[PDB]
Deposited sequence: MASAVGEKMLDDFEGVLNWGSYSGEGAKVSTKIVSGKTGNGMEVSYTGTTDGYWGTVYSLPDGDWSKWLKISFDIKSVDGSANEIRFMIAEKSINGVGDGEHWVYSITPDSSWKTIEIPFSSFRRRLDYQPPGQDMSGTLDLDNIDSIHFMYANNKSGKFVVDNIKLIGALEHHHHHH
C-alpha cells in the first residue's frame, strides 16, 4: 500500500460536482464555509418514487494503492440518512458501472468518517446497464464518487476534505 493520504477535494478550487434528479426530487449544491476554508453545501427534497445525487467524475480511476476514503460531514438542523457511493467504469463505453454504497447520517457536529474500501456494500436497489457484475469492488477501475439519496425525506448538509487514506507508516 501507499503511506499517508491523497486529497481528492478540499473545495478550495474547481467546482467538480454536478447534480442529477428525477420524478419530483431535487438537489442543489453551492460553496459555503466548510470544516477548513470552504466546503460544499447539499440541499435536497426527496420523493417516494424519485431520486437525487451529486457527482464527481474523477480524472484518475486507479485507487488500488490506498486503503480508505475519508471525508468531513455535518448537517445544517435535522438528522436524516444519506449514502456515499463509489462507481466503477462502464464495460460498454457509455454511462458508469457497478455501484458501491455506504450509509451515513450527518448530525449537528462535524464528523470525519473514514470508510475502508472493504466496508462498502454492493448497491441493492439499483445497478446501471454498464456494470461488470463482478460482486467485487475493482479499485483499479473507479469512475465516480457521489453523495446521494437514501429515503424520501428532505435535508441539508455540508462536506469537506474528501481524501484517500493509505497505511500509517512504511
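*Asks:* Can you give me the gaps, meaning deposited-sequence stretches with no C-alpha coordinates, in sequence order?
*Replies:* Those stretches are 1-2, 79, 174-178, listed in order.
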